[PDB]
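Before any comments, here is the structure.
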Amino acid sequence: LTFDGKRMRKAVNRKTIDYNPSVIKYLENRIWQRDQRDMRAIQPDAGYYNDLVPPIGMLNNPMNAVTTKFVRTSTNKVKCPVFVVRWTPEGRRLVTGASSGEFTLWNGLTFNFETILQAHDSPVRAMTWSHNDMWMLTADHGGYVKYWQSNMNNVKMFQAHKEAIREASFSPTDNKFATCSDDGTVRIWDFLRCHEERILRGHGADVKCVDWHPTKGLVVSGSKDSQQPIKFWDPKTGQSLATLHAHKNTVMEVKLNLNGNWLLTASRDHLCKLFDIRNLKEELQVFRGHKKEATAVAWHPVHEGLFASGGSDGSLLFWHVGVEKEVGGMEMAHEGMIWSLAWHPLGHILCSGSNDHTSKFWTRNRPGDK
Amino acid sequence: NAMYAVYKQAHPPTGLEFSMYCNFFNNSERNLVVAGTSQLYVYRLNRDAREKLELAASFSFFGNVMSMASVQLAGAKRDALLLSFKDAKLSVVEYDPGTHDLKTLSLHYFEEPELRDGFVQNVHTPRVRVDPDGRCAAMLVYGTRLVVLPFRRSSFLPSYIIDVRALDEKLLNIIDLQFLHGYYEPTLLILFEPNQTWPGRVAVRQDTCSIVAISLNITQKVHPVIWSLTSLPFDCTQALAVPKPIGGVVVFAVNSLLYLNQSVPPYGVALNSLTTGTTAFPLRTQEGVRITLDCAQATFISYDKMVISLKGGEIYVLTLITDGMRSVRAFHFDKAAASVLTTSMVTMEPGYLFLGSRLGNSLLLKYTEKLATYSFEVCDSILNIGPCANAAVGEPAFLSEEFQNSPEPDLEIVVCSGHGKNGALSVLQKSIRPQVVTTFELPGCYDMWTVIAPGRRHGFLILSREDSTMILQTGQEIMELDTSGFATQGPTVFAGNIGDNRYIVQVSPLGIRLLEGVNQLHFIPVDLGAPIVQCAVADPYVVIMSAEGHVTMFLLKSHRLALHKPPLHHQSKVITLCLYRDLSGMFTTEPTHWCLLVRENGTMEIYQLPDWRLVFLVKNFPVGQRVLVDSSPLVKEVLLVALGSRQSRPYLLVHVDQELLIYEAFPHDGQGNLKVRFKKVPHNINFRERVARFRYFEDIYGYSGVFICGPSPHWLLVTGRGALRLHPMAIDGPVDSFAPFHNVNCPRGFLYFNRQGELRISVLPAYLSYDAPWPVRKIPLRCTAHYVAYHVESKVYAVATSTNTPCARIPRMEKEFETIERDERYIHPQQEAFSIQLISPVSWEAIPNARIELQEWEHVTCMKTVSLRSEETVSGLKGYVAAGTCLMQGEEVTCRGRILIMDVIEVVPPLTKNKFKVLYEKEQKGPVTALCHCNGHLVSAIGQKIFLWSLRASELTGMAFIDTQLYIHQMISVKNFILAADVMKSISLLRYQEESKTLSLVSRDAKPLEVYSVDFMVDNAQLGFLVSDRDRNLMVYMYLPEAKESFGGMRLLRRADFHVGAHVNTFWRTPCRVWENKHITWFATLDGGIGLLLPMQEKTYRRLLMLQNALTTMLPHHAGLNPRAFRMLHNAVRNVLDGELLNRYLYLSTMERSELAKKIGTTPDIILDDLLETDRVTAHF
Amino acid sequence: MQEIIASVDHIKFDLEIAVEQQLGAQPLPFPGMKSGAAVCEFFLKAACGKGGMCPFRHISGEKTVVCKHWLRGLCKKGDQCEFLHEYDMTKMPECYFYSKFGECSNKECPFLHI
RNA sequence: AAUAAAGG
Ligand SMILES: [Zn+2]
Ligand SMILES: [Zn+2]
Ligand SMILES: [Zn+2]
């Protein structure tokens, strides 16, 4: 039960979901096809195991990326509930942070254990990569923010909030970032120096999500406060541009889309809301269908209208923007609550880390299954 | 610190995408309007000379055409074309009969961000449909907004938009839309699927697709639904409106055929038998048929039947068996024939059919009858050379031993064209190389004439010289006939044939004489005040002009020459003239005779003969206007010729001071005057450094045309199709005398002087076709060619190709192969097998029995000619052919690969003197996805690492690796550096150190971008990186460490952009011909065109930029598009000119040139210096 | 495109001048990092200016066997690790699973069995 | 060497 890597176990033919055949097929289809109006349709039969192209191979159908096929479940030996899961920027492998402060590095092809590290002294809550793929930035519970390099080395550790930090994000130039705390404030920080530019003091209590914007300088935050749940900020200035009364319960997550037009938020009143970031007087639409709360949301990295979400009950559902009803989903994906979701940089594997001490891998379906 | 460059279109694109059959020119005949990316061709169907298609008109746009339709408006006398361009642009254009060009009737922009509903990226192309009764048109923009355009009973009305998803039964995911036949109001049938699914999720949801008939009322903007249907099979692909009196739609789905109408249950029929557990629709099996209807084209050839071109080529003839009241009862298939991989399809005159193709040669077919079977026959083909997947640059095999010993190299481009059954190798050259049969050395001579004596084989070579002349007998061996009836005493000014070659006339500056072999019949002296200087023969007329401007005419009446003086009393001295024996029918007011005369006061005139009546005049001729019109700079030469099929197309060639001007005659319509006008023609011939410079030949190898002599010689050819072909010939030097020749050594050949006093008797190398934008040879492989590599030391072409077979097994986890077992009606999968062939540039036929088959399921992902170190050569290096292979079993099998290093060696045999030497063939611990070389090492990309191998004693040895991005799929090195390209991340610049054996990332472009290929813009002591993307954009990035946003040098800064408008997958580059170490960078687009970037100076770039702005803002453009918004991306840097626009300056009269150069401030001489120098620097291949 | 037709060897580039002189380079912002960097030429010729915090790879010592973590790209002791960061399969550590027991389970075992 | 074997 020790596991130092010296135990002499026999071989195993690992259950693999590989992307290289599909990419090769796509590179060969490019040269003789204009777009998906020149694509010969895949059949729903078991012998078409080579006619699959990755999500880039087809943009007229996001439905492919609805990952409801189980692959592999990655559980440590000294279990803890998983809080945040992030593919390294090149999809090389996957990192899990758990309530013991440890990083567990999993392969991204066969999905096996690679290594484990004692990172924080406290339950790790936040984990995100810079837009240049160089710096990883982590935050634990009731404490620090730490700087990580691609080889998982720690170069600078810095106290930020006297209370627990819940989320973070980078500036499109990655030179400055944000941290929202359990102290009810959003602190905007410099990077190369660990220097604090601004403090943002608009919320009532317990800012529990924050996110910068891909191009503009507007920082969004979300709280418990029933009076100012979602707020906007200008980083250099520090002024509340607006306030957004959308959810009557603690707004868990908040997500800005890469096209810069869309906000998506998820709250304990069972709902997800899509907002047109310029016209905040109304609700662009209401994603309904979650028998309990919603806890995690993630946009697909290739398709622009597709996202996934997971709730307090183990469900994880897949939604599309122009589409009303739920697009797909899996009801008992976990047992506990899904804390974190992560798409693969290529968009065919989805990792979901939950409160039942595990993390599960999902992939696309095979043609003509049961 | 930036890099400037011109773009040029070295070869127009070839693949056609749309076809249509409409009244383009007028309401008398109908003809074929075909389109491409940015090109439009109106062809005229001939029925003689054996059917061929004559190119009637051709236009190009500053915009990729995304759809095309035709309409017959209210009071119009021709059909208007409704064209569709990027994201929303509906442009309605027409034919301009008074100027023989294309007029823009209207332009509609529907591009407002309110219409996109939030999404920034557009994947839904415009689609334009027209009502059969020409009462409205529709355009589906952004996949949501249905634009409706009525036409008046100005024939246009205010368009209006419809939210297609605001209608009852909210639409989503529209498949295809059509208008029906037989409704009192226009009716759009929309096929869509509200709840979308996937072939991996048909077990979870199916029967998704539906149809709606939206009856559009255009008078009061109402449009209800009349009938809808749901639960149709999930993979409906296409809709076909059925003409009367059957009247409904025929819906194609990948596995079934559906017919739908009012008051009729859907009559559906399942074709193959993969409809098991994937549709709950009632589908009745089609018995003797086992096919799939995806990617298939279809057209009705009568009210009852239609023709279908499948995804693979097979042409079937479906028949709609009916009842007594034309309610479709059952169907009937019938496998008629096989053909090309179509991409469009249209029915011409009853009996003909055009199959348009961007994957092979487009084909005109004919079908005759013999409930009916139709047999098909290829009547004609239009050449296509795309998509240009890959290109090798190899040297031709034979060069006449006089053309060697020359500094400029001799090069040739082999290109992997086509796909599938239509995969070929296209061999392209640009110039002509005359095959020099023999050479003489005749100094002193400066002119020649080749005359027929007594079946039309040439007799005497009437040469000419300074004070005397010379004559060669030339029946069997070129022997100087002397002491003949001809005049050797003086310098000859003309020699020809009159009376169906039965006679000769030798015109000298003292008189004319007519001959019948060696002996002369007649001699009449000519004195009128001045010596003769000009002479032009049109059988049976002879007109001679004097050194001062008098004119006199002769003819052969029944037997010698008769004198006549033309009554052309006028006050302006004459400068030039010509005669024209018209065999066509255009010059009206059957042969007739015409005299084109030019005077001193600018004017030009055309007389009819023998009466010398005036029928056509032009006021200001030497200027070079763009349409010559009947009115109520030293012109040096003028020639009017008839070319084409049976002398059908007359051109007018003009040599003005330093300029060539080419006009083509087109018809038009004071009264009693010539019913013709002359439209100018664009070209790139340069006349910059009393004998003729234009040389008419007919049948020099089978072709009619003209040779333009001078410092830059050219061949002007026209063939059965009126496609004008302008081919350079500069291998020899500046040609200065030419003659069509036909002997026993040069059968259908020619002969010419260069400027070192040398005659050359030559013939055209009879292995290329010269009726193409470049001289091309096509080489069909009957399979698919992926990679092509010219192996140097052997002078051979290694070609990696593939072929499809059925599929039988399925791999598993200990690698079981679960064999597929279905019923009889099961459409098996397709499975590729690769083969690496050798091909010889001598016969262009594959070397027999030198072919490497590769292991089953083993794709080849790359093949290059790498030069790897070895202790066997002088330069320590030597070229091999490497190929990396991926053994792609399936999604759930750990994809491995293998590296394969071959050599091509010499062995005792004709063609069997070369074989493969597989020097290395070994499995690598990961997929092999791209490779190159770097100072003698094999740089391989295995999985997600990049390795640098050393081949020592024939075994690869690792020396350095590096960790890299998702999927490298392209690598190119220069001088110790490497440049990796990725499938979703843009690019990275790497490096190697022989000393420490360490790769290292120099820098990288941190943004995301989907690269196709990458190369180097090489400039003097600079080096950019040229990248092409998924969005048809080229982009130049640089490594600028002191740039304050290339932080530590760790970023690549986009220093230039350009929107080429076409996907490029392959680059190459050659030096020049100010240009010291600048290299031209060529590329081939996946549409069949060739292009080039040339690095420039900033000083020149600024001048030409001012001119470019002036041209784009002061001139009209075809279909209204503007050439500034078309060269924009999708921040933008734009240090690249257009080239395709600058040449329009060359197409302006000198008045307009002067105006514009003054409104810039510069001088047209400096303008033309810049432009024409850019032209002469890129004259390769 | 080929080394015969378009030969860029007689030329010097702006890169080749801004690479062997380390022209655009700032010192490291945090101490302890540098795999995927130039082996510093100045430190070879005893002229290292950035003083230990050089942005490029120092090679002070001599090393014998390949670094076991470096092969996976997870070494934290960079520029100061005891083990080679060079890809030379003849200086790879010995297989534990073979040296102790006597049967390696890796068919493609990169470790020296002996 | 700091988990190479983490299908225990
Ligand atoms: Zn140093
Ligand atoms: Zn190390
Ligand atoms: Zn071992």
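A note on labels: chains of the structure tokens are A, B, ... as shown, every chain counts residues from 1, and ligands are counted from 1 in their shown order.
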
Output as a tab-separated table one row per residue of chain A within 10 Å of chain C: the closest atom pair and its distance in Å to one decimal place, counting only C-alpha atoms, sorted by chain and residue number ascending.
residue	atom	partner	partner_atom	distance
A:6	CA	C:97	CA	7.7
A:7	CA	C:97	CA	8.7
A:8	CA	C:97	CA	6.7
A:9	CA	C:105	CA	7.9
A:10	CA	C:105	CA	6.2
A:11	CA	C:105	CA	6.2
A:12	CA	C:105	CA	9.8
A:114	CA	C:72	CA	9.6
A:115	CA	C:74	CA	9.6
A:147	CA	C:30	CA	9.9
A:149	CA	C:33	CA	8.3
A:150	CA	C:74	CA	7.9
A:151	CA	C:74	CA	4.3
A:152	CA	C:74	CA	6.8
A:153	CA	C:76	CA	5.6
A:154	CA	C:76	CA	8.7
A:155	CA	C:30	CA	6.2
A:156	CA	C:30	CA	7.1
A:192	CA	C:29	CA	7.0
A:193	CA	C:29	CA	8.8

Keeping N, CA and C atoms for every residue in the selection just given, could you write it to a file as a short mmCIF file (atom, residue, chain, number, x, y, z; two decimals), in the first residue's frame?
data_model
loop_
_atom_site.label_atom_id
_atom_site.label_comp_id
_atom_site.auth_asym_id
_atom_site.auth_seq_id
_atom_site.Cartn_x
_atom_site.Cartn_y
_atom_site.Cartn_z
N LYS A 6 8.47 0.38 -7.17
CA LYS A 6 9.48 -0.67 -7.14
C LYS A 6 8.86 -2.03 -6.85
N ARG A 7 7.65 -2.29 -7.37
CA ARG A 7 6.87 -3.44 -6.92
C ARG A 7 6.75 -4.56 -7.94
N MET A 8 7.16 -4.35 -9.19
CA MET A 8 7.19 -5.39 -10.22
C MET A 8 5.79 -5.95 -10.51
N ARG A 9 4.97 -5.10 -11.11
CA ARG A 9 3.68 -5.55 -11.61
C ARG A 9 3.77 -5.94 -13.08
N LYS A 10 3.02 -6.97 -13.47
CA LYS A 10 2.99 -7.45 -14.84
C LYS A 10 2.32 -6.43 -15.76
N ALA A 11 2.45 -6.67 -17.06
CA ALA A 11 1.99 -5.72 -18.05
C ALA A 11 0.49 -5.49 -17.95
N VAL A 12 0.03 -4.44 -18.63
CA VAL A 12 -1.39 -4.14 -18.77
C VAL A 12 -1.59 -3.43 -20.09
N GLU A 114 1.09 9.32 -13.27
CA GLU A 114 2.49 9.63 -13.49
C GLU A 114 3.19 10.07 -12.21
N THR A 115 2.76 11.13 -11.54
CA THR A 115 3.45 11.50 -10.30
C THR A 115 2.52 12.21 -9.33
N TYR A 147 3.51 30.11 -7.65
CA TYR A 147 3.91 30.15 -9.05
C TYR A 147 4.57 28.84 -9.42
N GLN A 149 6.13 26.28 -12.68
CA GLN A 149 6.71 26.20 -14.01
C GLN A 149 6.22 24.90 -14.65
N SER A 150 6.49 24.73 -15.95
CA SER A 150 5.93 23.60 -16.68
C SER A 150 6.37 22.25 -16.12
N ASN A 151 7.56 22.19 -15.53
CA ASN A 151 8.03 20.98 -14.88
C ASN A 151 7.55 20.87 -13.45
N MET A 152 6.56 21.67 -13.06
CA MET A 152 5.99 21.63 -11.73
C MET A 152 7.04 21.97 -10.66
N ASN A 153 7.80 23.03 -10.91
CA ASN A 153 8.67 23.60 -9.90
C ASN A 153 8.03 24.88 -9.38
N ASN A 154 8.29 25.17 -8.11
CA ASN A 154 7.71 26.32 -7.42
C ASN A 154 8.75 27.43 -7.33
N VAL A 155 8.50 28.55 -7.99
CA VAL A 155 9.49 29.62 -8.05
C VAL A 155 9.18 30.80 -7.13
N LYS A 156 7.92 31.02 -6.76
CA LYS A 156 7.59 32.15 -5.90
C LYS A 156 6.26 31.90 -5.20
N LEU A 192 4.99 40.11 -12.39
CA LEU A 192 6.44 40.02 -12.26
C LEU A 192 6.90 40.49 -10.89
N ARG A 193 6.33 41.58 -10.40
CA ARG A 193 6.32 41.80 -8.97
C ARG A 193 5.07 41.18 -8.39
#

Kindly assemble as a Markdown table a list of the chain B residues that lie within 6 Å of chain C, each paired with its nearest atom pair and their distance in Å to one decimal, using only C-alpha atoms, sorted first by chain and then by ascending residue number.
| residue | atom | partner | partner_atom | distance |
| --- | --- | --- | --- | --- |
| B:959 | CA | C:87 | CA | 5.7 |
| B:960 | CA | C:87 | CA | 5.3 |
| B:1000 | CA | C:36 | CA | 4.4 |
| B:1001 | CA | C:36 | CA | 5.5 |
| B:1021 | CA | C:13 | CA | 4.3 |
| B:1022 | CA | C:13 | CA | 5.3 |
| B:1041 | CA | C:24 | CA | 4.2 |
| B:1042 | CA | C:24 | CA | 5.4 |
| B:1048 | CA | C:25 | CA | 5.0 |
| B:1049 | CA | C:24 | CA | 5.7 |
| B:1068 | CA | C:1 | CA | 4.8 |
| B:1069 | CA | C:1 | CA | 4.6 |
| B:1070 | CA | C:6 | CA | 5.3 |
| B:1071 | CA | C:6 | CA | 5.7 |

Residue contacts of residue 668 of chain B (10 Å, only C-alpha atoms (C1' of nucleotides)) excluding same-chain residues fewer than 6 positions away, as a ChimeraX atom specification: /B:97-100,586,629,674-678

Shell of 12 Å around residue 51 of chain C, only C-alpha atoms (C1' of nucleotides), local chain residues under 2 positions omitted, as a ChimeraX atom specification: /C:27-28,31,40,42-43,46-49,53-56,58

Okay, now the selection with N, CA and C atoms, as a short mmCIF file (atom, residue, chain, number, x, y, z; two decimals), in the first residue's frame?
data_model
loop_
_atom_site.label_atom_id
_atom_site.label_comp_id
_atom_site.auth_asym_id
_atom_site.auth_seq_id
_atom_site.Cartn_x
_atom_site.Cartn_y
_atom_site.Cartn_z
N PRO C 27 17.47 39.11 -17.66
CA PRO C 27 17.77 38.13 -16.62
C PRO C 27 16.50 37.49 -16.09
N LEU C 28 16.67 36.36 -15.40
CA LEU C 28 15.52 35.62 -14.91
C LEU C 28 14.81 36.42 -13.82
N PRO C 31 14.55 33.19 -8.82
CA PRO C 31 15.74 32.34 -8.74
C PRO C 31 15.44 30.85 -8.61
N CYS C 40 24.88 28.41 -22.95
CA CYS C 40 25.49 29.74 -22.98
C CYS C 40 26.91 29.69 -23.53
N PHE C 42 28.98 32.43 -23.79
CA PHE C 42 29.81 33.30 -22.98
C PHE C 42 30.31 32.58 -21.74
N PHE C 43 29.45 31.79 -21.10
CA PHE C 43 29.88 31.03 -19.93
C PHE C 43 30.88 29.96 -20.31
N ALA C 46 34.07 31.80 -20.57
CA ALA C 46 34.34 32.50 -19.31
C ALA C 46 34.04 34.00 -19.44
N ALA C 47 32.79 34.30 -19.81
CA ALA C 47 32.36 35.68 -19.93
C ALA C 47 30.90 35.85 -19.55
N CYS C 48 30.39 35.01 -18.66
CA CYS C 48 28.96 35.04 -18.36
C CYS C 48 28.61 36.31 -17.60
N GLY C 49 27.76 37.14 -18.20
CA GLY C 49 27.44 38.43 -17.63
C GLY C 49 26.30 38.43 -16.64
N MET C 53 22.28 33.82 -12.65
CA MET C 53 20.90 33.99 -13.09
C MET C 53 20.81 34.14 -14.61
N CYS C 54 21.74 33.54 -15.34
CA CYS C 54 21.74 33.66 -16.78
C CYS C 54 20.48 33.01 -17.35
N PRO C 55 19.85 33.62 -18.34
CA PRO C 55 18.63 33.03 -18.91
C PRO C 55 18.87 31.76 -19.70
N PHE C 56 20.12 31.41 -19.99
CA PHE C 56 20.45 30.29 -20.85
C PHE C 56 21.26 29.27 -20.06
N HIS C 58 23.61 26.86 -18.27
CA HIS C 58 24.99 26.71 -17.86
C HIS C 58 25.37 25.23 -17.76
#

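Across the model, the gap from atom CA of residue 640 of chain B to atom CA of residue 727 of chain B is 19.6 Å.
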
Backbone-only DSSP, strand (DSSP E or B) members of chain C, as a ChimeraX atom specification: /C:39,57,66,84,94,112

Can those selected residues be exported to a file as a PDB file, in the first residue's frame so that it contains C-alpha atoms?
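File produced: result_10.pdb:
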ATOM      1  CA  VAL C  39      23.922  26.376 -23.878  1.00  0.00           C
ATOM      2  CA  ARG C  57      21.747  26.912 -19.821  1.00  0.00           C
ATOM      3  CA  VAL C  66      21.130  10.530 -18.124  1.00  0.00           C
ATOM      4  CA  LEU C  84      22.981  14.554 -17.708  1.00  0.00           C
ATOM      5  CA  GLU C  94      20.375   0.387 -15.220  1.00  0.00           C
ATOM      6  CA  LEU C 112      20.250  -0.672 -19.649  1.00  0.00           C
TER       7      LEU C 112
END

Which neighbours of residue 277 of chain B fall inside 9 Å, counting only C-alpha atoms (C1' of nucleotides), when residues of the same chain fewer than 5 positions from it are skipped, and could you give them as an mmCIF file with N, CA and C atoms, in the first residue's frame?
data_model
loop_
_atom_site.group_PDB
_atom_site.id
_atom_site.type_symbol
_atom_site.label_atom_id
_atom_site.label_comp_id
_atom_site.auth_asym_id
_atom_site.auth_seq_id
_atom_site.Cartn_x
_atom_site.Cartn_y
_atom_site.Cartn_z
ATOM 1 N N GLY A 368 -22.541 3.590 -34.347
ATOM 2 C CA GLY A 368 -23.364 2.398 -34.305
ATOM 3 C C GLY A 368 -23.162 1.532 -33.084
ATOM 4 N N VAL B 202 -27.056 7.897 -32.903
ATOM 5 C CA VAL B 202 -28.312 7.541 -33.538
ATOM 6 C C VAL B 202 -29.045 6.494 -32.718
ATOM 7 N N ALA B 203 -28.344 5.837 -31.797
ATOM 8 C CA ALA B 203 -29.014 4.959 -30.850
ATOM 9 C C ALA B 203 -29.784 5.753 -29.808
#

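Of note, atom CA of residue 80 of chain B and atom CA of residue 132 of chain B are spaced 14.2 Å apart.
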
If you run DSSP on this backbone, which residues of segment 39-253 of chain A come out as helix (DSSP H, G or I), and could you give them as a JSON list (two decimals) with N, CA and C atoms, in the first residue's frame?
[["chain", "number", "residue", "atom", "x", "y", "z"],
["A", 55, "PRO", "N", -12.79, 17.33, -33.54],
["A", 55, "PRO", "CA", -13.79, 18.39, -33.60],
["A", 55, "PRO", "C", -13.50, 19.47, -34.62],
["A", 56, "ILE", "N", -12.23, 19.73, -34.95],
["A", 56, "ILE", "CA", -11.93, 20.68, -36.01],
["A", 56, "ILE", "C", -12.38, 20.16, -37.36],
["A", 57, "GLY", "N", -12.43, 18.84, -37.53],
["A", 57, "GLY", "CA", -12.86, 18.25, -38.78],
["A", 57, "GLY", "C", -14.28, 18.57, -39.15],
["A", 62, "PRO", "N", -21.62, 20.39, -33.71],
["A", 62, "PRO", "CA", -20.98, 20.32, -32.39],
["A", 62, "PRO", "C", -21.41, 19.12, -31.58],
["A", 63, "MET", "N", -22.48, 18.44, -32.00],
["A", 63, "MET", "CA", -23.01, 17.31, -31.26],
["A", 63, "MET", "C", -21.98, 16.23, -31.06],
["A", 64, "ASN", "N", -20.99, 16.15, -31.94],
["A", 64, "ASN", "CA", -19.96, 15.14, -31.77],
["A", 64, "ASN", "C", -19.29, 15.27, -30.41],
["A", 65, "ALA", "N", -19.03, 16.49, -29.97],
["A", 65, "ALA", "CA", -18.25, 16.73, -28.77],
["A", 65, "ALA", "C", -19.03, 16.50, -27.49]]

Using only C-alpha atoms (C1' of nucleotides), determine which residues lie at most 12 Å from residue 20 of chain A, disregarding the query and same-chain residues fewer than 4 positions distant; provide the list as a PDB file with C-alpha atoms, in the first residue's frame.
ATOM      1  CA  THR A  16      -6.541   4.096 -24.767  1.00  0.00           C
ATOM      2  CA  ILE A  24      -4.013  12.082 -39.644  1.00  0.00           C
ATOM      3  CA  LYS A  25      -7.386  11.407 -41.230  1.00  0.00           C
ATOM      4  CA  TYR A  26      -8.217  15.108 -40.978  1.00  0.00           C
ATOM      5  CA  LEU A  27      -4.934  16.220 -42.533  1.00  0.00           C
ATOM      6  CA  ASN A  50     -11.141   5.077 -39.361  1.00  0.00           C
ATOM      7  CA  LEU A  52     -13.508   9.868 -37.562  1.00  0.00           C
ATOM      8  CA  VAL A  53     -12.149  13.417 -37.725  1.00  0.00           C
ATOM      9  CA  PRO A  54     -11.517  15.496 -34.582  1.00  0.00           C
ATOM     10  CA  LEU A 109      -3.457   9.190 -23.498  1.00  0.00           C
ATOM     11  CA  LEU A 346      -8.303  19.307 -28.799  1.00  0.00           C
TER      12      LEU A 346
ATOM     13  CA  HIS B 859      -0.362   5.356 -43.920  1.00  0.00           C
ATOM     14  CA  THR B 861       2.408  10.885 -43.399  1.00  0.00           C
ATOM     15  CA  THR B 885       4.557   6.146 -41.492  1.00  0.00           C
ATOM     16  CA  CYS B 886       1.676   5.933 -39.049  1.00  0.00           C
ATOM     17  CA  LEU B 887      -0.004   2.563 -38.594  1.00  0.00           C
ATOM     18  CA  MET B 888      -3.451   3.854 -37.729  1.00  0.00           C
ATOM     19  CA  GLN B 889      -5.575   0.938 -36.575  1.00  0.00           C
ATOM     20  CA  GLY B 890      -8.321   2.873 -34.843  1.00  0.00           C
ATOM     21  CA  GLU B 891      -9.190   5.287 -32.074  1.00  0.00           C
ATOM     22  CA  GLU B 892      -8.566   2.679 -29.355  1.00  0.00           C
ATOM     23  CA  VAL B 893      -5.214   1.311 -30.555  1.00  0.00           C
ATOM     24  CA  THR B 894      -1.892   2.886 -29.572  1.00  0.00           C
ATOM     25  CA  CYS B 895      -0.890   4.449 -32.879  1.00  0.00           C
ATOM     26  CA  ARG B 896       2.672   3.535 -33.775  1.00  0.00           C
ATOM     27  CA  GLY B 897       4.757   4.491 -36.750  1.00  0.00           C
ATOM     28  CA  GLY B 926       5.268   6.641 -31.535  1.00  0.00           C
ATOM     29  CA  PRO B 927       3.608   8.132 -34.605  1.00  0.00           C
ATOM     30  CA  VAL B 928       5.964   9.702 -37.131  1.00  0.00           C
ATOM     31  CA  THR B 929       4.278  12.860 -38.332  1.00  0.00           C
ATOM     32  CA  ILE B 942       7.492  11.313 -33.112  1.00  0.00           C
ATOM     33  CA  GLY B 943       4.213  11.762 -31.270  1.00  0.00           C
ATOM     34  CA  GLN B 944       4.675  14.942 -29.245  1.00  0.00           C
ATOM     35  CA  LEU B 966       0.029  19.036 -29.770  1.00  0.00           C
ATOM     36  CA  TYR B 967       0.733  17.636 -33.262  1.00  0.00           C
ATOM     37  CA  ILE B 968       3.636  18.850 -35.401  1.00  0.00           C
ATOM     38  CA  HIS B 969       2.773  18.291 -39.034  1.00  0.00           C
ATOM     39  CA  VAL B 983      -2.391  21.816 -36.053  1.00  0.00           C
TER      40      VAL B 983
END

Expected answer as a ChimeraX atom specification: chain A residues within 6 Å of chain B, only C-alpha atoms: /A:16-18,21,44,49-50,63,90,132,365-368

Exercise: residue 294 of chain A partners within 8 Å, only C-alpha atoms (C1' of nucleotides), chain neighbours under 4 positions left out, as an MDAnalysis selection string: chainID A and resid 252 266:272 290 309:312

Which chain D residues have any atom within 10 Å of an atom of chain C, and for each, what is the nearest pair of atoms with distance in Å to one decimal, counting only C-alpha atoms (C1' of nucleotides), rows sorted by chain and number, as CSV?
residue,atom,partner,partner_atom,distance
D:1,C1',C:68,CA,8.2
D:2,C1',C:69,CA,8.7
D:4,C1',C:96,CA,8.6
D:5,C1',C:105,CA,8.2

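Computed from the coordinates, the atom CA of residue 319 of chain A to atom CA of residue 306 of chain A distance equals 5.9 Å.
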
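Closest approach to chain D among A:141, A:208, A:77, A:40: A:77, based on only C-alpha atoms (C1' of nucleotides).
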
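Distances from C:113, C:41, C:62, C:20 to ligand 1 were compared using only C-alpha atoms and all ligand atoms, and the smallest one belongs to C:41.
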
Of the listed residues A:250, A:99, A:76, A:159, that which approaches chain D most closely, counting only C-alpha atoms (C1' of nucleotides): A:76
